[PDB]
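Engineer:
There are 2 protein chains.
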Amino acid sequence: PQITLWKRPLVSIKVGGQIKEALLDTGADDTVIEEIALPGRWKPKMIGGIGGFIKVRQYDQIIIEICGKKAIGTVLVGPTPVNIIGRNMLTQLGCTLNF
Amino acid sequence: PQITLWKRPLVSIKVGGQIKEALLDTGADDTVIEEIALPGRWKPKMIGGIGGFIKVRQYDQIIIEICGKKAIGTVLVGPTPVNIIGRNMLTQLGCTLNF
Numbered sequence: 001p002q003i004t005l006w007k008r009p010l011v012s013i014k015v016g017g018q019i020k021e022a023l024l025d026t027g028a029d030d031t032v033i034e035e036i037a038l039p040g041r042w043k044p045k046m047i048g049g050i051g052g053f054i055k056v057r058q059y060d061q062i063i064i065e066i067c068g069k070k071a072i073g074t075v076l077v078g079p080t081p082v083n084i085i086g087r088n089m090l091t092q093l094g095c096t097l098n099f
Numbered sequence: 001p002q003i004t005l006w007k008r009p010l011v012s013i014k015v016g017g018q019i020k021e022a023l024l025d026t027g028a029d030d031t032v033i034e035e036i037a038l039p040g041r042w043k044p045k046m047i048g049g050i051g052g053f054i055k056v057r058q059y060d061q062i063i064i065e066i067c068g069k070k071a072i073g074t075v076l077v078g079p080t081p082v083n084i085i086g087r088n089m090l091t092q093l094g095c096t097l098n099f
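Taken in order, these protein sequences are the chains called A and A'. A prime marks a further copy of an entry chain.
Its first residue numbered 1, the first sequence is counted upward by one per residue in the authors' numbering.
Its first residue numbered 1, the second sequence is counted upward by one per residue in the authors' numbering.
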């Protein structure tokens with residue numbers, strides 16, 4: 001798709017056999033989703049840094065789908081006010097900024 | 001331009017007769033720049049909210065230029081770890097996400 005930016009770029013995503021809402025965020029390095037059971041071995045990761053860090057669980061090589069397009073990459077699972085699709089997944093989707 | 005997302009989408013911008021580096025951030029509603037003198041009447045604005053708020057100065061109808069393209073909109077001036085080009089300016093630039 002071509003997504004304009006007059007509203008927050010919230011999308012429905014498929015992940016872990018569930019459906020979640022998430023924000024397409026070019027300002028975020030990583031993808032962070034709250035409250036999802038994922039397969040494989042995880043390891044703790046500290047993210048943030050500005051003001052403090054939050055501990056999350058890092059799962060690698062997870063498949064997500066957005067607007068019919070699949071992407072494989074790392075998903076961090078932990079508390080987040082909004083679920084975030086960061087650049088690690090946007091690159092796998094072939095997503096660009098255009099103006 | 002067409003900007004891929006393998007690195008942070010940092011750009012050079014012209015604002016206030018200066019040059020600044022800033023991040024094109026689809027996850028941000030607003031544009032926030034540190035340390036720039038801007039014309040007009042400002043008013044304080046509280047931004048953030050997740051964990052606390054930061055006070056900034058809101059200046060309206062400011063002209064910026066990115067990659068040769070001008071855009072007019074609100075610029076918030078205050079402390080920020082990275083200067084942010086948010087959706088209010090990305091929309092004025094005609095910037096979309098494409099995949």
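By construction, the Cβ of each residue, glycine as well, lies at the ideal position given by its N, Cα and C atoms.
Just mark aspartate 29 of chain A as buried or exposed, buried being the case when its beta carbon has 16 or more other beta carbons within 10 Å.
Structural biologist: Taking the first sequence and counting its residues from 1, one reaches residue 29 of chain A at position 29. With fewer than 16 other Cβ atoms within 10 Å, it is exposed.
Engineer: Please identify, using Cβ separations under 9 Å, the residues of the segment 4–29 of chain A' that lie next to chain A, in order along the chain.
Structural biologist: So the close ones are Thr4, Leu5, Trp6, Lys7, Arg8, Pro9, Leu23, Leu24, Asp25, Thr26, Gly27, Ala28, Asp29.
Engineer: If you run the structure through DSSP and keep just helix, strand and coil, what is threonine 80 of chain A'?
Structural biologist: Taking the first residue of the second sequence as position 1, residue 80 of chain A' is located at position 80. Three-state DSSP puts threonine 80 of chain A' in coil, outside helix and strand.
Engineer: Grab the span of the beta strand (DSSP E) containing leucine 23 of chain A for me, first residue to last.
Structural biologist: To locate residue 23 of chain A, count along the first sequence from 1; it is residue 23. Looking at the DSSP string, the run of the beta strand (DSSP E) that includes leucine 23 of chain A is 18–24.
Engineer: For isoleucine 50 of chain A and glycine 68 of chain A', what's the separation of their Cα atoms in angstroms?
Structural biologist: As a position in the first sequence, residue 50 of chain A is number 50, starting the count at 1. As a position in the second sequence, residue 68 of chain A' is number 68, starting the count at 1. The alpha-carbon atoms of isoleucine 50 of chain A and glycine 68 of chain A' are separated by roughly 32 Å.
Engineer: Leaving aside the five residues before and after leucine 93 of chain A along the sequence, list all residues of the same chain whose C-beta is less than 7 Å from its C-beta, in chain order.
Structural biologist: Looking up residue 93 of chain A in the first sequence gives position 93. Around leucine 93 of chain A: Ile66, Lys69, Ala71.
Engineer: Any idea if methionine 89 of chain A is buried or exposed, counting beta-carbon neighbours within 10 angstroms, 16 or more meaning buried?
Structural biologist: Against the first sequence, residue 89 of chain A aligns to sequence position 89. Buried, since its Cβ has 16 or more Cβ neighbours within 10 Å.
Engineer: Going along the segment 65–78 of chain A in order, which residues come within less than 7 Å of chain A', judged by CB to CB distance?
Structural biologist: Of all residues in the segment 65–78 of chain A, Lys69 have a Cβ within less than 7 Å of some Cβ in chain A'.
Engineer: Which residues in chain A sit within 9 Å of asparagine 98 of chain A', going by Cβ to Cβ distance?
Structural biologist: Numbered from its first residue, the second sequence carries residue 98 of chain A' at position 98. Result: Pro1, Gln2, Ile3, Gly94, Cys95, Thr96, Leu97, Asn98.
Engineer: Alpha carbon to alpha carbon, how far is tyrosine 59 of chain A' from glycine 16 of chain A'?
Structural biologist: As a position in the second sequence, residue 59 of chain A' is number 59, starting the count at 1. As a position in the second sequence, residue 16 of chain A' is number 16, starting the count at 1. Using only the alpha carbons, I get a separation of about 11 Å.
Engineer: Alpha carbon to alpha carbon, how far is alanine 37 of chain A from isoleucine 62 of chain A'? Give it in angstroms, no decimals.
Structural biologist: What you label residue 62 of chain A' is simply residue 62 of the second sequence in a count that begins at 1. What you label residue 37 of chain A is simply residue 37 of the first sequence in a count that begins at 1. Answer to the nearest angstrom: the Cα atoms are 46 Å apart.
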